[PDB]
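Let's start with one chain on its own, the form deposited in one PDB entry, as structure tokens.
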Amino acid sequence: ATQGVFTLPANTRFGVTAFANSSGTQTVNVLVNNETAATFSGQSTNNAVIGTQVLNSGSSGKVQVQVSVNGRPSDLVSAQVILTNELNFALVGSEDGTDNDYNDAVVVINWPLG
């Protein structure tokens, strides 16, 4: 099944934050309405924040997370969780190798903001 694709309400501010846990440099692309809206790059084996930003979901509300390492797309796992019918998390894990810890790039999207 497709992973890393989330439907947000239109024109909504959301945060997006990426963490790295791999010897390979992580490239995180965030797409809104099928266009690149943010790009994060960094390397860490200690969960360093390689990027954090506020974006807008635009007229379509379609948000997609893509992760690649040295040009190779990583395998993604994802899910969305809603607390008290209000607080939204869109969660992404990714695996760039063979150990399947799926933390190599960890991306957290949250809304609403403010």
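The first residue of the shown sequence is 1; numbering continues from there.
Here 47 to 55 and 33 to 41 are compared by their mean Cα B-factor, and 33 to 41 comes out higher. Averaged over Cα atoms, the B-factor as recorded in the entry is higher for 56 to 64 than for the other of 56 to 64 and 77 to 85. The entry lists C-alpha B-factors for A1, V107, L113, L8, and the highest of these is at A1. Among all modelled residues in this chain, the alpha-carbon of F14 has a temperature factor (C-alpha) in the lowest third.
Annotation for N21: C-alpha temperature factor in the middle third relative to the rest of the modelled chain, per the entry.
We do not show the form solved in complex with a partner chain, though everything after this point is about it.
When the partner chain is considered in the entry with it bound, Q53 lines it closely, a heavy atom lying within 4.5 Å.
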